[PDB]
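Data block below; observations after.
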Amino acid sequence: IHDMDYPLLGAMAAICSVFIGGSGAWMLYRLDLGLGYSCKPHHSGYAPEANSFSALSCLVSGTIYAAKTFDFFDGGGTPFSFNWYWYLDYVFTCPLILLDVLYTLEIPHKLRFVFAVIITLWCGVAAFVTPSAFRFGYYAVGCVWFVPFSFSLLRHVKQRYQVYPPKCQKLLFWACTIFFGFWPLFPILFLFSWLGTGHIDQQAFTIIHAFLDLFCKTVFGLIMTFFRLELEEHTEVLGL
Amino acid sequence: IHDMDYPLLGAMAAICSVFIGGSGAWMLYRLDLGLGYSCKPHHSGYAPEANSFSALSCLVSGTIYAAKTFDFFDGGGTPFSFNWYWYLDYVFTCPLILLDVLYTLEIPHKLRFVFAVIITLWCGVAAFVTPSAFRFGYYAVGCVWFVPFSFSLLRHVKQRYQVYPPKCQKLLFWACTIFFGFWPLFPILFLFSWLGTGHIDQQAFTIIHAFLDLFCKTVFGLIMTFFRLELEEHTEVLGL
Amino acid sequence: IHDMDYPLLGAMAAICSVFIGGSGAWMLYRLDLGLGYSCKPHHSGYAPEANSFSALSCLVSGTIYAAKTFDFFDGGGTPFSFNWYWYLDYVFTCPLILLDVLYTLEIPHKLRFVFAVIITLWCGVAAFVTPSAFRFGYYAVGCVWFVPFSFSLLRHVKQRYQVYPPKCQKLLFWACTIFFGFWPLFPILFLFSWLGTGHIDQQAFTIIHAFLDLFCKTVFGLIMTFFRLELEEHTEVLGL
Ligand SMILES: CCCCCCCC/C=C/CCCCCCCC(=O)OC[C@H](COP(=O)(O)OCCN)OC(=O)CCCCCCC/C=C/CCCCCCCC
Ligand SMILES: CCCCCCCC/C=C/CCCCCCCC(=O)OC[C@H](COP(=O)(O)OCCN)OC(=O)CCCCCCC/C=C/CCCCCCCC
Ligand SMILES: CCCCCCCC/C=C/CCCCCCCC(=O)OC[C@H](COP(=O)(O)OCCN)OC(=O)CCCCCCC/C=C/CCCCCCCC
Ligand SMILES: CCCCCCCC/C=C\CCCCCCCC(=O)O[C@H](COC(=O)CCCCCCC/C=C/CCCCCCCC)COP(=O)(O)OCCN
Ligand SMILES: CCCCCCCC/C=C\CCCCCCCC(=O)O[C@H](COC(=O)CCCCCCC/C=C/CCCCCCCC)COP(=O)(O)OCCN
Ligand SMILES: CCCCCCCC/C=C\CCCCCCCC(=O)O[C@H](COC(=O)CCCCCCC/C=C/CCCCCCCC)COP(=O)(O)OCCN
Ligand SMILES: CC(C)CCC[C@@H](C)[C@H]1CC[C@H]2[C@@H]3CC=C4C[C@@H](O)CC[C@]4(C)[C@H]3CC[C@]12C
Ligand SMILES: CC(C)CCC[C@@H](C)[C@H]1CC[C@H]2[C@@H]3CC=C4C[C@@H](O)CC[C@]4(C)[C@H]3CC[C@]12C
Ligand SMILES: CC(C)CCC[C@@H](C)[C@H]1CC[C@H]2[C@@H]3CC=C4C[C@@H](O)CC[C@]4(C)[C@H]3CC[C@]12C
Ligand SMILES: CC(C)CCC[C@@H](C)[C@H]1CC[C@H]2[C@@H]3CC=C4C[C@@H](O)CC[C@]4(C)[C@H]3CC[C@]12C
Ligand SMILES: CC(C)CCC[C@@H](C)[C@H]1CC[C@H]2[C@@H]3CC=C4C[C@@H](O)CC[C@]4(C)[C@H]3CC[C@]12C
Ligand SMILES: CC(C)CCC[C@@H](C)[C@H]1CC[C@H]2[C@@H]3CC=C4C[C@@H](O)CC[C@]4(C)[C@H]3CC[C@]12C
Ligand SMILES: CC(C)CCC[C@@H](C)[C@H]1CC[C@H]2[C@@H]3CC=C4C[C@@H](O)CC[C@]4(C)[C@H]3CC[C@]12C
Ligand SMILES: CC(C)CCC[C@@H](C)[C@H]1CC[C@H]2[C@@H]3CC=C4C[C@@H](O)CC[C@]4(C)[C@H]3CC[C@]12C
Ligand SMILES: CC(C)CCC[C@@H](C)[C@H]1CC[C@H]2[C@@H]3CC=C4C[C@@H](O)CC[C@]4(C)[C@H]3CC[C@]12C
Ligand SMILES: *C/C=C(C)/C=C/C=C(C)/C=C/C1=C(C)CCCC1(C)C
Ligand SMILES: *C/C=C(C)/C=C/C=C(C)/C=C/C1=C(C)CCCC1(C)C
Ligand SMILES: *C/C=C(C)/C=C/C=C(C)/C=C/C1=C(C)CCCC1(C)C
Ligand code: NA
Ligand code: NA
Ligand code: NA
Ligand code: NA
Ligand code: NA
Ligand code: NA
Ligand code: NA
Ligand code: NA
Ligand code: NA
């Protein structure tokens, strides 16, 4: 039950908020500094509108983990708790992470992809709060939205993986590893959680997701940031 | 009260999810196939961004009816139930249906119209959960947003009903019949429901709305899809 | 506690809904009338898409105050009550007010600014419902998002305050006074409220916020409307 050693989870949540939140703040600073590695002024002058999704996803996640930190240190149940409804926080963060990939890579069908992940996460929120055997009904519906989304999105990334120069491809390889290697790791964790098989307790479930958000938001956002800097440093700083 | 024969409503909800959800899936397949009846590749190559609203509205509604199916078969009240808050589901579906009309017909004031329907539905959600005599206060406020919206939107459709060729006008006539003939049928049903006059019980209220969503989303979405195909088959496949 | 003389607050809420709601309705009428003071037809023909934020913010606020009026006159606690969760209503209105400034003045970073105010208000909603000493944790996180937002947004406004002619600058001065003089007055009120210091009771807290919304939405929206009319009357009606 809710015997999760909140001081440990509150301390863990505080670290995630600082590192995830701090990483987002750093990315905002780098946005309004230049185009690529060189301090070349932006064509519009301030920054492209679509370059802030990597920074915003970490800032929003860092803020949400700050809310988690308050909830844990408050002793457990709180009127405004992101820990009560699992995957509810990811509803407002995954679209930003996804939009970072779509706009950075110029992947079409940006409207369909965003809806496919929002509904995927909402099915997770509904699956979590359902105490009956129908919790896997919502889970199945979520996978129906997710599997075509991941496979369809993967195909688009492969198409545009070729145009980029080999130097940028190395950075895009590690972004793909996190995006296509860690995102499908959340539904797997659901099956093995206390709601599913039972091999992962709630306290350990929070800790693992804390590390997943570090890679999915901070590490992934920084990789996208440096991929973008490398992309601009080669495309619009000296030609081609 | 809540004596609604959930097995009947769950079975009905399952049919709606498959047909509405399946219709949305079919429309997605047709999008990435060609411009019109002929398999002419799209100008952008994949598809226009605004052609997915018809498909997304049915997919979202089909997913929501899947959630309704779980709620009904679970025995009634569920922690994640779309049946507890009536008209809450339409908040996330009507804008998609409306945006299908606005972008397909290129009707201006797309920002005002979307807000007018979202507030209209929210007043319905508030009107439903209010047990006091003020439930008609929210209903009246909803109609204040709806009547100018329907009349103002109707005027715009009449303006652009003339430019389209007679073959496309026939398809637009039936889209207008559903959009301007069934949408005002929901507020009428509210007055005659158990909350209003009392002539429609809750069980019958769900069944009627199930059929309305079949016409408002599946039939309407398909009519828009074929109107779009007919429009493209005449405008950007052979000239004018 | 909840001894707030609801008939007084309901009567006050009704006045705000009519004046704020009515002002938004008036601004919609002026939009589809002409460009500036003269009745010059719009370049697009109907209206720019970004000119409706001033009208929509008042219409949404007027509608929400109508919901508040029902909640107060119903006797207090209501299933659909905007008065139970303070600052929840501002989540759906402040972005519209902010977007009015951003699009009217063409301030870049429109995506970052909107997120900075939505998270700022959500921290206020969480801060309000928290009964523990951590209510100031959410408040502090909200100020962390707000102070950089207000200072960063202020710098942008100063940059574009110079290009406009002196006649338009006078109208922009009073918009800045409300935007940068009243917005920071809400967090100050939180500290002195019954949740903070204790010098402002809940009944007086509602009355003060009623007057703040009159200036922040109605007066501010009208100033933006006339600033826009003055701007168009000088830029795209006779040249420069
Ligand atoms: C359910 C939660 C889902 C979360 C997703 C929310 C994020 C929404 C994604 C926004 C997509 C916007 C596309 C960005 C790329 C556009 C690039 C561009 O040109 O920008 C257009 C222009 C900026 O550039 P200009 O100054 O015109 O520069 C051109 C001259 N140099 O305006 C824009 O940036 C587009 C609009 C900006 C945002 C408008 C508001 C949209 C909503 C914001 C977030 C709120 C929704 C999330 C709700 C939070 C929970 C309640
Ligand atoms: C309260 C619930 C309300 C529900 C409404 C949500 C739907 C929001 C409507 C989105 C409007 C977008 C306009 C679509 C037409 C634009 C056509 C276009 O050119 O697309 C721009 C470009 C795609 O094309 P490019 O690759 O640039 O192609 C050009 C080169 N060939 O990007 C776009 O599609 C625009 C932005 C895409 C979506 C961005 C995210 C917006 C939010 C998504 C839905 C989430 C909100 C609903 C919340 C769900 C409940 C929590
Ligand atoms: C969490 C609550 C946050 C609230 C914020 C919601 C507001 C979202 C802001 C929308 C930003 C749109 C930018 C407006 C400027 C664009 C100007 C423009 O050219 O418009 C594009 C074109 C209109 O013009 P055309 O007919 O192409 O004219 C060109 C030929 N003369 O389309 C548009 O207006 C852009 C898209 C319109 C809105 C699409 C739907 C977006 C969502 C609407 C609000 C719903 C979200 C709020 C949720 C409410 C709570 C559940
Ligand atoms: C119901 C209307 C919902 C409308 C949306 C409003 C937003 C919700 C804001 C929080 C209000 C919560 C009030 C709950 C009252 C206290 C209940 C409580 O104690 O909490 C839990 C139950 O309630 C919750 O925990 C509800 C938490 C809701 C949190 C949802 C957060 C959504 C915010 C969106 C943010 C978008 C991203 C921006 C970042 C924000 C950073 C702060 C335990 O319940 P008890 O009453 O003790 O009963 C059990 C004891 N026998
Ligand atoms: C309060 C914070 C709200 C913040 C938003 C969070 C989203 C809500 C997700 C569901 C959490 C529900 C937890 C409720 C706990 C159980 C309560 C319950 O049993 O259910 C009902 C009451 O609660 C409900 O039914 C609440 C249902 C909320 C559903 C709202 C769905 C919104 C989702 C948006 C989706 C956007 C579109 C994507 C498609 C999704 C497809 C799955 C009966 O109440 P009891 O406690 O039995 O009391 C009566 C017994 N004497
Ligand atoms: C929980 C799922 C949330 C999902 C979103 C659904 C939207 C919520 C719509 C309102 C449903 C409220 C049902 C609450 C059941 C009654 C509870 C009640 O009596 O009210 C309060 C508690 O509940 C509330 O007050 C919840 C109010 C939620 C209002 C949130 C409004 C959000 C709407 C967004 C609108 C977007 C802008 C458009 C303008 C709309 C204009 C109408 C007092 O509680 P009692 O049960 O008496 O317990 C105390 C007695 N010992
Ligand atoms: C430790 C406390 C202050 C929180 C710091 C969190 C953020 C701000 C820190 C954590 C790790 C940091 C990154 C570590 C390594 C690099 C590589 C270097 O070539 C550029 C800076 C960059 C990308 C750093 C930016 C700042 C960073 C993202
Ligand atoms: C493949 C796509 C198109 C269809 C997806 C159908 C999914 C949602 C269906 C297939 C089998 C179904 C499950 C079959 C049996 C049960 C047992 C019951 O006591 C609870 C519901 C539950 C667990 C069902 C939930 C819904 C379910 C998982
Ligand atoms: C559990 C996790 C960490 C490991 C799984 C990582 C997976 C997702 C990684 C490992 C190898 C990667 C692939 C390596 C090569 C290519 C070819 C390129 O043209 C498109 C991307 C694509 C197809 C990558 C997609 C992501 C990928 C499949
Ligand atoms: C019965 C089960 C499989 C659910 C099927 C639901 C969806 C996929 C079905 C229901 C009715 C079907 C439509 C029936 C008639 C036509 C007209 C034809 O000229 C093109 C296909 C089209 C438009 C069909 C597409 C698929 C469709 C929309
Ligand atoms: C026409 C526009 C601009 C104004 C709309 C005003 C509407 C919202 C007003 C007009 C008359 C009002 C009703 C008058 C009397 C009552 C009885 C009371 O016990 C509950 C509220 C209720 C039912 C009111 C709700 C609000 C109401 C319906
Ligand atoms: C109860 C329902 C099914 C029947 C009511 C259907 C109504 C909404 C239908 C019946 C006839 C239709 C009208 C027929 C002709 C025109 C002229 C055209 O230039 C614009 C659309 C317009 C104005 C239609 C709007 C929709 C309409 C009024
Ligand atoms: C009193 C009742 C009807 C509610 C009226 C509310 C709205 C519609 C009223 C309140 C104050 C009014 C404004 C008062 C002064 C002016 C200045 C004038 O040069 C143009 C009209 C304008 C801008 C008015 C427009 C209508 C207005 C905004
Ligand atoms: C400046 C930025 C980057 C960091 C902001 C840190 C804020 C959120 C920190 C600084 C000091 C903290 C407070 C320190 C002590 C307490 C007492 C405790 O019983 C409740 C929480 C509370 C009230 C903390 C809430 C969070 C807090 C306000
Ligand atoms: C409590 C409230 C009502 C009074 C405080 C009003 C403040 C916010 C007002 C008073 C004077 C105003 C400043 C007057 C002059 C300028 C210079 C211009 O180039 C940019 C705006 C700017 C910088 C204004 C910003 C808003 C401002 C600082
Ligand atoms: C930073 C957080 C991220 C990137 C979270 C991603 C989460 C998912 C891809 C979750 C997917 C799920 C499904 C496929 C179905 C079942 C429920 C979920 C929510 C675990
Ligand atoms: C697929 C579902 C659709 C198209 C639903 C449409 C619903 C409406 C137009 C509802 C309108 C209402 C009002 C006019 C006021 C009172 C409340 C409503 C919600 C019934
Ligand atoms: C019409 C209403 C408006 C313009 C409301 C504006 C509200 C704010 C700027 C609120 C700000 C807050 C913070 C800075 C932190 C603490 C909580 C708030 C919500 C009071
Ligand atoms: Na957000
Ligand atoms: Na994936
Ligand atoms: Na990727
Ligand atoms: Na949705
Ligand atoms: Na209508
Ligand atoms: Na129509
Ligand atoms: Na709204
Ligand atoms: Na400010
Ligand atoms: Na301003």
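Ligands are numbered from 1 in the order shown, residues from 1 within each chain, and chains are lettered A, B, ... in the order they appear in the structure tokens.
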(message) Neighbouring residues of ligand 22 are defined here as those with any atom at most 6 Å from a ligand atom, counting only C-alpha atoms and all ligand atoms; list them as a PyMOL selection string.
(response) (chain A and resi 115+119) or (chain B and resi 92)
(request) Up to 8 Å from chain B, what residues of chain C turn up? Count only C-alpha atoms and give them as a VMD selection string. (result) chain C and resid 46 to 47 49 52 56 60 63 66 to 67 70 74 78 to 80
If you take only C-alpha atoms and all ligand atoms and a cut-off of 6 Å, which residues of chain B touch ligand 24, and what are their nearest atom pairs and distances in Å to one decimal, in chain and number order, as a Markdown table?
| residue | atom | partner | partner_atom_place_in_ligand_line | distance |
| --- | --- | --- | --- | --- |
| B:101 | CA | ligand 24 | 1 (Na) | 5.5 |
| B:175 | CA | ligand 24 | 1 (Na) | 5.1 |
| B:176 | CA | ligand 24 | 1 (Na) | 4.1 |
| B:179 | CA | ligand 24 | 1 (Na) | 5.1 |
(request) Check which residues fall inside 8 Å of ligand 12 when counting only C-alpha atoms and all ligand atoms, and print them as an NGL selection string. (result) :B and (154-155 or 157-162 or 173-174 or 176-182 or 185)
Writing out the chosen residues with N, CA, C and O atoms as a PDB file, in the first residue's frame:
ATOM      1  N   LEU B 154     -23.620  29.416 -39.947  1.00  0.00           N
ATOM      2  CA  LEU B 154     -24.483  29.093 -41.076  1.00  0.00           C
ATOM      3  C   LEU B 154     -24.337  30.121 -42.190  1.00  0.00           C
ATOM      4  O   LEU B 154     -24.287  29.762 -43.371  1.00  0.00           O
ATOM      5  N   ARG B 155     -24.258  31.405 -41.834  1.00  0.00           N
ATOM      6  CA  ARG B 155     -24.120  32.443 -42.848  1.00  0.00           C
ATOM      7  C   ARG B 155     -22.843  32.256 -43.656  1.00  0.00           C
ATOM      8  O   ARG B 155     -22.836  32.450 -44.876  1.00  0.00           O
ATOM      9  N   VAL B 157     -21.269  29.434 -44.275  1.00  0.00           N
ATOM     10  CA  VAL B 157     -21.387  28.272 -45.147  1.00  0.00           C
ATOM     11  C   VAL B 157     -22.199  28.612 -46.390  1.00  0.00           C
ATOM     12  O   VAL B 157     -21.890  28.149 -47.493  1.00  0.00           O
ATOM     13  N   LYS B 158     -23.252  29.418 -46.235  1.00  0.00           N
ATOM     14  CA  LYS B 158     -24.043  29.818 -47.394  1.00  0.00           C
ATOM     15  C   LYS B 158     -23.209  30.612 -48.388  1.00  0.00           C
ATOM     16  O   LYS B 158     -23.408  30.500 -49.601  1.00  0.00           O
ATOM     17  N   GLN B 159     -22.280  31.433 -47.891  1.00  0.00           N
ATOM     18  CA  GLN B 159     -21.464  32.248 -48.782  1.00  0.00           C
ATOM     19  C   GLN B 159     -20.602  31.380 -49.689  1.00  0.00           C
ATOM     20  O   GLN B 159     -20.464  31.663 -50.884  1.00  0.00           O
ATOM     21  N   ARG B 160     -20.014  30.320 -49.140  1.00  0.00           N
ATOM     22  CA  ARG B 160     -19.118  29.450 -49.889  1.00  0.00           C
ATOM     23  C   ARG B 160     -19.817  28.237 -50.483  1.00  0.00           C
ATOM     24  O   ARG B 160     -19.168  27.439 -51.166  1.00  0.00           O
ATOM     25  N   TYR B 161     -21.118  28.076 -50.245  1.00  0.00           N
ATOM     26  CA  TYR B 161     -21.863  27.010 -50.901  1.00  0.00           C
ATOM     27  C   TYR B 161     -21.994  27.249 -52.398  1.00  0.00           C
ATOM     28  O   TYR B 161     -22.266  26.302 -53.145  1.00  0.00           O
ATOM     29  N   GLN B 162     -21.797  28.486 -52.854  1.00  0.00           N
ATOM     30  CA  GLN B 162     -22.017  28.826 -54.252  1.00  0.00           C
ATOM     31  C   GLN B 162     -20.803  28.537 -55.124  1.00  0.00           C
ATOM     32  O   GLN B 162     -20.958  28.143 -56.283  1.00  0.00           O
ATOM     33  N   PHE B 173     -24.579  19.697 -49.073  1.00  0.00           N
ATOM     34  CA  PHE B 173     -25.940  19.826 -48.564  1.00  0.00           C
ATOM     35  C   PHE B 173     -26.199  18.846 -47.428  1.00  0.00           C
ATOM     36  O   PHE B 173     -26.825  19.200 -46.423  1.00  0.00           O
ATOM     37  N   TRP B 174     -25.734  17.605 -47.574  1.00  0.00           N
ATOM     38  CA  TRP B 174     -25.963  16.600 -46.544  1.00  0.00           C
ATOM     39  C   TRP B 174     -25.061  16.801 -45.336  1.00  0.00           C
ATOM     40  O   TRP B 174     -25.434  16.419 -44.223  1.00  0.00           O
ATOM     41  N   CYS B 176     -24.311  19.856 -44.297  1.00  0.00           N
ATOM     42  CA  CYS B 176     -25.030  20.929 -43.619  1.00  0.00           C
ATOM     43  C   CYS B 176     -26.255  20.396 -42.889  1.00  0.00           C
ATOM     44  O   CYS B 176     -26.584  20.865 -41.795  1.00  0.00           O
ATOM     45  N   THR B 177     -26.945  19.419 -43.479  1.00  0.00           N
ATOM     46  CA  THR B 177     -28.121  18.855 -42.827  1.00  0.00           C
ATOM     47  C   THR B 177     -27.759  18.241 -41.483  1.00  0.00           C
ATOM     48  O   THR B 177     -28.468  18.439 -40.491  1.00  0.00           O
ATOM     49  N   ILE B 178     -26.661  17.488 -41.429  1.00  0.00           N
ATOM     50  CA  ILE B 178     -26.235  16.894 -40.168  1.00  0.00           C
ATOM     51  C   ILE B 178     -25.706  17.966 -39.222  1.00  0.00           C
ATOM     52  O   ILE B 178     -26.058  17.999 -38.039  1.00  0.00           O
ATOM     53  N   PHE B 179     -24.855  18.860 -39.729  1.00  0.00           N
ATOM     54  CA  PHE B 179     -24.230  19.849 -38.857  1.00  0.00           C
ATOM     55  C   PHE B 179     -25.254  20.832 -38.307  1.00  0.00           C
ATOM     56  O   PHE B 179     -25.233  21.155 -37.115  1.00  0.00           O
ATOM     57  N   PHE B 180     -26.154  21.322 -39.156  1.00  0.00           N
ATOM     58  CA  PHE B 180     -27.154  22.299 -38.752  1.00  0.00           C
ATOM     59  C   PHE B 180     -28.506  21.676 -38.437  1.00  0.00           C
ATOM     60  O   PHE B 180     -29.455  22.409 -38.148  1.00  0.00           O
ATOM     61  N   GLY B 181     -28.618  20.351 -38.482  1.00  0.00           N
ATOM     62  CA  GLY B 181     -29.875  19.690 -38.196  1.00  0.00           C
ATOM     63  C   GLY B 181     -29.812  18.794 -36.978  1.00  0.00           C
ATOM     64  O   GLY B 181     -30.828  18.576 -36.312  1.00  0.00           O
ATOM     65  N   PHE B 182     -28.628  18.266 -36.674  1.00  0.00           N
ATOM     66  CA  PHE B 182     -28.440  17.395 -35.520  1.00  0.00           C
ATOM     67  C   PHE B 182     -27.800  18.099 -34.334  1.00  0.00           C
ATOM     68  O   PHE B 182     -28.140  17.790 -33.190  1.00  0.00           O
ATOM     69  N   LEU B 185     -30.130  19.554 -32.069  1.00  0.00           N
ATOM     70  CA  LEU B 185     -30.993  18.528 -31.506  1.00  0.00           C
ATOM     71  C   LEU B 185     -30.528  18.046 -30.138  1.00  0.00           C
ATOM     72  O   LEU B 185     -31.296  17.373 -29.445  1.00  0.00           O
TER      73      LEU B 185
END
(message) Nearest residue to ligand 21 out of A:29, A:122, A:205, A:103, using only C-alpha atoms and all ligand atoms?
(response)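 Of A:29, A:122, A:205, A:103, the one nearest ligand 21, counting only C-alpha atoms and all ligand atoms, is A:103.
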